[PDB]
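Single chain ahead, by itself, as structure tokens, in the form deposited in one PDB entry.
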């Protein structure tokens, strides 16, 4: 009965491996599908997974945020960052995942933090042109990140994350991006590693239209899953690589 809007994004939402046509919600698998099953089991509801038409997360509105605003979806279950501008138009459950910006670089170097990159110019580094990561640096008033923005600002920016990862693999370049993706990539490419910890902090939350009768029910369920260790189990399940 509940319409869930989401977006194809590895390993949150992916098509089950198969060479034949797949039907229904079961054609999808991933972290967010497992989370949805857990939520539906706790709250006791049926659901219909729909892919947001424009394939966008939500900016101003479009994407999943718009689907919720227009009430075409009851929930948005995806790695949707809880932000100031979004929280004003939709509601978010408490975070089912906490993350932040971090660094993707090749293993085997003495570089161990953002500071190490900030105090040199041999190694180039940047982020996806005009993304929230680039904006973070442009607006930061913190010493380390101001220096980094000055460097980035002075060809160090990339078209998208995929190109950024290739840049890291084919040149002496460090990429700044969402940490969850960095963990996913490093678990699959032993030549790459995360440099330092989280540069900023944010979380992913399940989205609902403002005033939804499921808002608090979902937060409670998430806290239950968090405390039972199920969110940790799910993260490990979909992120762990072959070592």
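Only the largest set of C-alpha atoms that superpose within 1.5 Å between the two forms is called the rigid core. Positions refer to the first chain, counted from 1.
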- Item | Deposited-sequence gap flanked by residue 154 and residue 155 | 1 to 3
- According to the PDB record, deposited residues with no modelled atoms between residue 201 and residue 202 number none
- Query: Hey, which bit's got the bigger mean C-alpha B factor in the entry, 29-37 or 53-61?
  - Reply: 53-61
- Note on the structure: Per the PDB entry, mean CA B-factor is higher for 75-83 or 124-132, namely for 124-132
- Query: Mind checking which third residue 102 falls in for C-alpha B-factor across the chain?
  - Reply: lowest
- Considering only modelled residues of the same chain, in which third does the CA B-factor of residue 67 rank: lowest, middle or highest? middle
- Query: What third of its chain, lowest, middle or highest, does the C-alpha temperature factor of residue 46 fall into?
  - Reply: highest
- Message: For the chain shown, is the CA B-factor of residue 228 in the lowest, middle or highest third of its modelled residues?
- Response: middle
- Note on the structure: Chain-relative C-alpha B factor for residue 191 (record values, thirds): the highest
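What follows is about the form deposited in another entry, which we do not show.
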- With both forms fit on the core, has residue 83 moved 2 Å or more by CA between this form and the one not shown? no
- Query: Just checking, between this form and the one not shown and with the core aligned, does residue 176 shift 2 Å or more at the CA?
  - Reply: yes
